[PDB]
Structures are given as structure tokens and as C-alpha cells.
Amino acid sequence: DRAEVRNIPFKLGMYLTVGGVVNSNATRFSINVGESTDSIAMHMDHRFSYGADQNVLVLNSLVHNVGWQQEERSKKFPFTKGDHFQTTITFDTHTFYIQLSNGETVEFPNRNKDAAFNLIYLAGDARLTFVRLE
């Protein structure tokens, strides 16, 4: 299905590094940190071509039985279809700190003030090749 790491708690102070490859002809893919596929505290979507969006990062949270919240966008997009990427995420109770392949960073509020997450998954047009959660 999607690539996932489930029930190995990602807690305050730990770091998550995932690596993978973007598909040729990818439309978009995302990395998701939350509780379930319908309860996502940090959704980071990588849009190569999606609607009017081309080469933009879109960040949001998804609340169970409620839906997507306010989107934040970033123009930082060091991603190429067919190539590798590496992303590192840490968080405290206020902020998710994300670091991209080229060293650039994006920050996104921890809207629920959560301290641990039991599901990490990738969905869409990419695949993961390694993971470190420690």
C-alpha cells in the first residue's frame, strides 16, 4: 500500500529521516505524520503538477471526521522527478521542524500540541528507500 512506519512512537525530541525516489511523471506525493490516514498532524505535499499548483510544497493537518484545515505553502522545491530526496523532521509541542535535501528548512505549527505520533507514511507518486527514527 503506502510505505508506513506504524506504532513505533515518534516522540518529542526524536528525529525522523526518510529517503526515497520521486517517480518519473509524478503528479504529487506526501509525507504524513499522525495517528491514522484520516488523522494527520503534519501533511507535507510535494506538488509537481496538481491543479494550478506546479513545483510547490503545501503543508496542512487533517482532522478526523472533520477535514483539512488552513494550508500553508512554500516555494522551496529542490525536488526532481526521477531523483532521490532526503527529509528530516523533528518537533516540539509548538512547531514541526522540517529540513529538505539541500539544507533549506520549513517550519509548520504543531496545531494540536501533540507530543507523540504513531503513524508515519508516504503516499502518492514516490517510494521510500530508507528510514531512521531514533
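For every residue, the number given is its place in the sequence shown, counted from 1.
Q: Using only C-alpha atoms and the B-factors in the entry, which stretch averages higher, 119-127 or 9-17?
A: Taking the mean C-alpha B-factor of 119-127 and of 9-17, the larger value falls to 9-17.
Q: Going by the mean C-alpha B-factor recorded in the entry, which is higher: 48-56 or 81-89?
A: Mean C-alpha B-factor is greater for 48-56.
Q: With respect to the C-alpha temperature factors reported in the PDB entry, which of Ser61, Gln99, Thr37, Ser30 ranks highest?
A: Max CA B-factor in the entry, restricted to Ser61, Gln99, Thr37, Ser30: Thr37.
Q: Going by the entry, which third of its chain does the Cα temperature factor of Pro109 land in?
A: For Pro109, the deposited C-alpha B-factor lands in the lowest third.
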